[PDB]
Amino acid sequence: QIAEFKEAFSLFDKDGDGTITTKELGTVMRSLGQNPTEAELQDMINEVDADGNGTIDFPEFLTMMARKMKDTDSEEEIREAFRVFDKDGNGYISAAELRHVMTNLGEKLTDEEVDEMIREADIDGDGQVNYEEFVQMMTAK
Amino acid sequence: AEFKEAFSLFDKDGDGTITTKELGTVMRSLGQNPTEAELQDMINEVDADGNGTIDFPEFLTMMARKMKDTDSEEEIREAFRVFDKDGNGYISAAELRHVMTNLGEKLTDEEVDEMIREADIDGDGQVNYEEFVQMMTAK
Amino acid sequence: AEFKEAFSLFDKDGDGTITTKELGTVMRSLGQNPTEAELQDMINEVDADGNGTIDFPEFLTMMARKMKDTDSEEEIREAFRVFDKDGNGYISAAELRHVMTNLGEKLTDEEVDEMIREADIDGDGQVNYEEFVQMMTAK
Amino acid sequence: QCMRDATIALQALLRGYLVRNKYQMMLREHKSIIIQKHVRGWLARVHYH
């Protein structure tokens, strides 16, 4: 709870001012555990207080989390997902195909986000990924 | 209803073009509802005769030329028949399959067998077609 | 934590000044744990640019300016990892050498070798890190 | 739509995984720093012990 989260907050505070930049709201939520979309963050970064604010304190954030808790919790449910590239039902997809789905489809990720992700994803010597194991690792928490 | 992002989900390769035969599925992905006939007429009224693929500009010009007919297909919310005349509110699964697979722009039997999964059928052999039309669209 | 007596043991000449490169060691003889980075930042935020040595007054003014950061380095009495998540209470000697000699303000392999003298290692190859942190600090 | 929703969930989860890894790595470096530092407080051990 709040002790691990305070240590996460104290790592996001870099200046040591007690307050983190409002831009780093969606990384702090995600660091604690949650997954939120960057739309959901925009719909709860707005306020009359935090919309006007340049930085946010740990009491403010704890207040935001309490207000939006249900929606915020709803982001942690997803453990199962389905994806094609595999049509033949091998259970495997290439790293090229994974990069194409992540960077070319949906909200779109960057290549740097995908390159970051493939530092904590098993990839065999063929260059393929078991996508059932990959979904389990990403949801793992 | 043009959407570049929808085009970029049909383009998978990133060539900037999609096959001329994926035109009906792209219009229908967008929001529109054109017949397979209307889709062919839209292609045939352009000298896209020899064209194997379409770019987003070409697709934009076709939708703008045919906006009125294409918009008409997303007006409707209710659907009558003309199959029933008694006004029983019921149609036989045989007549329902016949209108779907024998009239108009025919569905396959496998498409129809999918839509009659979970659809109740009485001891006469008739289905409530109002519930069946609602269950197909309202999903 | 200023101490004139501690300064008089660094001053071995009775000049009144000590070398600017013995500033980190003087802080860590007083009490204070400052990082090698923190030590460089405190020197760099004074125009002690050309200064070859520091007097006790200069050292006093630096500690008073930086009291808040420097005090923080002597709060900590415990030390969790974040290199066990299973909660086995054990870490491999390989991971323990890697954090020490590859992460942060890197120790030398000879320094790490000194700290693993008389440190028990099982048949898996793992060390009780809680005992190892206590055995390093409580001395 | 269902394929697009499955892709957005995948990249939201990936973004939530990445930051946790990046935080975890930062904590590993920060943990090393504060132990390396406490050991080099043993200039004390040389000076009086």
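Methodologically, a virtual Cβ is constructed for each residue, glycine included, from the backbone with ideal geometry; neighbour enumeration extends over all protein chains shown. Throughout, read-outs are computed from the coordinates displayed, never taken from laboratory work.
Could you tell me which of the pairs A:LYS141/C:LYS106; C:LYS21/C:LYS66; C:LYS139/D:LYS37; A:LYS70/A:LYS141; C:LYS68/D:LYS37; C:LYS66/D:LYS31 are separated by over 27 angstrom between their Cα atoms in the structure shown?
Distance filter (> 27 Å) returns A:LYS141/C:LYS106.
Over all directions, what mean area does the Cα convex hull of the range B:35-139 project, stated in square nanometres?
Directional mean of the projected Cα hull area for the range B:35-139 stands at 9.0 nm².
Just to be sure I understand the model, the point goes 7 Å from the Cα along the line to the Cβ. What's the resulting C:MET115 to A:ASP111 distance in nm?
Reported label-point gap for C:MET115 and A:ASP111 is 3.9 nm.
Any idea how far apart C:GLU131 and A:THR63 come out in nm if each label point goes 7 Å out from Cα toward Cβ?
For C:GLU131 paired with A:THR63, the spin-label model returns 5.0 nm.
Are there any chymotrypsin sites (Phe, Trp or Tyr not before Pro) in the range B:35-105 that are in a DSSP loop and have at most 11 other Cβ atoms within 10 Å? List them by number.
B:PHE80
Cα atoms only, chain A: Rg and Dmax in Å?
17.9, 55
With the Cα gyration tensor of the range A:61-100 giving a ≥ b ≥ c as the square roots of its eigenvalues, does the rule (a/c under 1.5 for rounded; else a/b larger than b/c for prolate; else oblate) give rounded, prolate or oblate?
Prolate is the answer for the range A:61-100, as a/c is 1.5 or above and a/b outweighs b/c.
So for the range B:1-69, Kirkwood radius off the Cα pairs, Stokes-Einstein at 10 °C and 1.306 mPa s: how many µm² s⁻¹?
131 µm²/s
Within 10 Å of each Cβ in A:76-84, how many Cβ atoms from other chains are there, averaged over the peptide?
The mean count of partner-chain Cβ atoms within 10 Å per residue comes to 3.
In whole percent, what relative contact order does chain A give with Cα contacts below 8 Å and a gap of six or more residues?
Once divided by the residue count of chain A, the mean separation gives 19 percent.
Taking the simple approach of a point 7 Å from Cα along Cα-to-Cβ for both B:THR108 and D:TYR48, what is their distance in nm?
8.7 nm
If you place +1 on the Cβ of every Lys and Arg and -1 on the Cβ of every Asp and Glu, how big does the dipole about the Cα centre of the range A:72-140 come out, in debye to the nearest 20?
Here the size comes out at about 280 debye.
Normalising by the residue count of the range A:72-140, find the relative contact order in percent from Cα pairs under 8 Å and 6+ residues apart.
Relative contact order for the range A:72-140 comes out at 40 percent.
List the GluC sites (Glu not before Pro) within the range B:44-139 that fall in a DSSP loop (any state other than H, G, I, E or B) and whose Cβ has at most 13 other Cβ atoms within 10 Å.
The qualifying sites are B:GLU45, B:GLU74, B:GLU75, B:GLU78, B:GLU105, B:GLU118.
Suppose only helical runs count, i.e. DSSP H with n ≥ 4. What mean residue ellipticity at 222 nm does that imply for the protein assembly as shown under -39500 (n - 2.57) per run, divided by all residues and rounded to the nearest 500 deg cm²/dmol?
So the calculated ellipticity at 222 nm is -15000 deg cm²/dmol.
Just check the protein assembly as shown against the gyration tensor rule for me: Cα atoms, a ≥ b ≥ c as the square roots of the eigenvalues, rounded for a/c under 1.5, and otherwise prolate or oblate depending on whether a/b exceeds b/c.
Prolate shape, in that a/c is at least 1.5 and a/b is the bigger ratio.
So if I take the centroid of the Cα atoms in the range B:67-100 and the same for the range C:61-139, what is the distance between those two points in Å?
So the two Cα centres are separated by 76 Å.
Identify, among C:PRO34, C:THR17, C:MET62, the residue whose Cα sits farthest towards the positive end of the charge dipole of the range C:1-99, taking +1 on the Cβ of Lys and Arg and -1 on the Cβ of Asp and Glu, with the dipole about the Cα centre.
C:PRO34
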